[PDB]
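Letter by letter, the chains look like this.
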Amino acid sequence: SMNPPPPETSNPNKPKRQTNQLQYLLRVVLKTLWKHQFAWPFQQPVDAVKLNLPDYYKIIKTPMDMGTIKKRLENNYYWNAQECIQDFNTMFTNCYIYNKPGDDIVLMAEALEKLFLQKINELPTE
Ligand SMILES: Cc1[nH]c(-c2csc(N=C(N)N)n2)c2c1C(=O)CC(C)(C)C2
């Protein structure tokens, strides 16, 4: 089996910005989720080879993970906060699509998503 190329974290002809909201997404949102006890399945792209999940990238066609998000934020890849919020939501949705209610990985995603929502609720005005 083979893994796909990971999502890009740099693209020189994509216009970039730093906004106060994107700074909050790195310094508050990403940092809070990244340090959580349940972060570790989400800190890098799913390695379908090592996990023996040959169907993962047959089912998940828009993969996303916090390692990618972290690099995108550190590289100022985004134009706006909504792009980054969408990446987080894609990561969570992929987990719920591939897995089953009650699976450990789903409980982990749910805990991280609760914290994500608590922090996003306090996103500063631009
Ligand atoms: C988002 C995600 N991550 C991992 C995983 C397993 S082992 C490991 N190791 C790291 N160092 N991240 N990550 C998985 C997953 C799934 O949705 C499906 C699954 C639970 C079968 C396996």
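Visitor: How should the packing of aromatic side chains be read in this particular structure?
Guide: The description of an aromatic ring pair uses the distance of the two centres, along with the angle that the planes make with each other. Enumeration according to the criterion identifies five aromatic pairs in this entry. Ring-pair connections join several aromatic residues into one group, and the members of that group are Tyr56, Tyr57 and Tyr98. The ring centre of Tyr77 lies 4.7 Å from the NZ or CZ of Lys14, which sits over that ring. The residue whose ring lies beneath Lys70 is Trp34, and the NZ or CZ to ring-centre distance is 5.5 Å.

Visitor: Mind showing me how you'd approach helix α5 (residues 104-120) here?
Guide: Its 17 residues give α5 an end-to-end C-alpha distance of 24 Å, which sits within 8% of 24 Å, the value for a rise of 1.5 Å per residue. Along α5, the residues that are buried comprise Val106, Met108, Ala109, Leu112 and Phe116. Each buried residue of α5 sits inside an arc of 150 degrees when the element is viewed along its axis, so together they form one side. Seen from the open side of α5, the exposed residues pointing more than 90 degrees away from its buried face are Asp104 and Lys114. Buried-residue contacts for α5 involve α1 (20-34) and α4 (81-98).

Visitor: I would appreciate a short explanation of the pattern of salt bridges in the present structure.
Guide: Pairs can form between side chains of opposite charge once their charged atoms are near each other. Tallied over the full model, the rule gives five salt bridges. A salt bridge links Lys14 to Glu83; the nearest nitrogen and oxygen atoms lie 2.9 Å apart. A residue pair is termed long-range when its members are at least 10 positions apart, and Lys14 in the segment before α1 and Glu83 in helix α4 qualify at 69 residues. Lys70 is the salt-bridge partner of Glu74, the closest N and O atoms lying 2.7 Å from each other. One end of the pair is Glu74 and the other is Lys70, both in helix α3 (residues 66-74) and four residues apart, which spans about a single turn. Look at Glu74 and you get partly exposed, because its relative accessible area is 43%.

Thresholds applied
- Residues numbered from 1 in each chain as written, not as in the entry; some residues may be left out.
- Heavy atoms only, no water.
- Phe/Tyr/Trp six-rings, centres within 6.5 Å; stacked < 30°, edge-to-face > 60°.
- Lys NZ or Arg CZ within 6 Å of the ring centre and 35° of its normal.
- Helix = DSSP H or I, 4+ residues; strand = E, 2+ residues; numbered from the N terminus.
- Expected span 1.5 Å × (residues − 1).
- Buried < 20%, exposed > 50% of the residue type's maximum accessible area, 1.4 Å probe, protein only.
- Arc of directions from axis to C-beta.
- Contact = heavy atoms within 4.5 Å.
- Salt bridge = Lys/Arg side-chain N within 4 Å of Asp/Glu carboxyl O.

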